[PDB]
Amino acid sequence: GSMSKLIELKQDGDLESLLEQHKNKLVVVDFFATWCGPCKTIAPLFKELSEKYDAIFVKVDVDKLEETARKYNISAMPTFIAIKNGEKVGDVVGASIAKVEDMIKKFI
């Protein structure tokens, strides 16, 4: 198998565990909320992107992983964070799939 797929995290500490062993991959994290309509709309498009690009695509419910949301300074949802080589490299704030793709192309 490959780690380049869409995964959905469960609890604080999961993202750290992922990044500990996949520092060389681009990781694109969709921080979303279940009370966020645009987050619903963009979810299938995020999955489509995950099928085209060799990056790790991660969904994080900000209410499930509250410490992780706080640590990445998330406010608006959805927020997409690009993470590579040990650090955050970019973000897209808001439900803009085109900008998310531009970010992936920039940093992959």
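Position 1 is the first residue in the sequence shown; the rest follow in order.
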Please compare 34-42 with 73-81 and name the stretch with the higher mean C-alpha B-factor in the deposited structure. 73-81
Comparing 24-32 with 63-71, the one whose average Cα B-factor in the PDB entry is higher: 63-71
Lowest, middle or highest third: which one holds residue 16 when the chain's residues are ordered by CA B-factor from the entry? middle
Just say lowest, middle or highest third for the CA B-factor of residue 108 relative to the other modelled residues in its chain. highest
